[PDB]
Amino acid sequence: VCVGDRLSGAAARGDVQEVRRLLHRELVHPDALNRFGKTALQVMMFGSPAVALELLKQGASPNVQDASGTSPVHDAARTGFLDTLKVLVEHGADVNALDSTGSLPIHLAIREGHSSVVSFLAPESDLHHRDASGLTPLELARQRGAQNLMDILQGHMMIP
């Protein structure tokens, strides 16, 4: 269906002027489905917080998932764009959503090395949660040899 194609195409190109035109000038529903079954917030250029913001201010559902359980907060954390992740969580995105490998957004951020994202997510994330390879966030970091990430995580776990 064609408006969902146009709106999601614009979002995935980071064309914020066409996103704004479609949403405010043509008043299009921000959760319209494209021909692949996705909304614009699922497929958007994740390093453009201005796109996320327009879409969420107009009503987009922040907790959409695809088949597997991947949500926008997983992709923001994997790609490492903390500015867009903060917009998502300010609008109600769940930072403890699980994808199909049973990973949290912080597992993905650790795997890619994104240390400002891991500091932001550490205090709200379930740091005891094990992914499908049996690894908590700290165990994963240690397996990668990521000493800076370990220190961040362990400070949130050593409550005592």
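Numbers for residues come from their place in the sequence shown, where the first is 1.
- When the C-alpha B-factors of 37-45 and 22-30 are averaged, 22-30 comes out higher.
- As listed in the deposited structure, the average C-alpha B-factor of 46-54 and of 93-101 is greater for 93-101.
- Of the residues listed, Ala60, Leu108, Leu121, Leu135, the entry assigns the biggest Cα temperature factor to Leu135.
- In the deposited entry, the Cα temperature factor of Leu140 sits in the middle third of values across the chain's modelled residues.
- Among all modelled residues in its chain, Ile152 ranks in the highest third by Cα B-factor.
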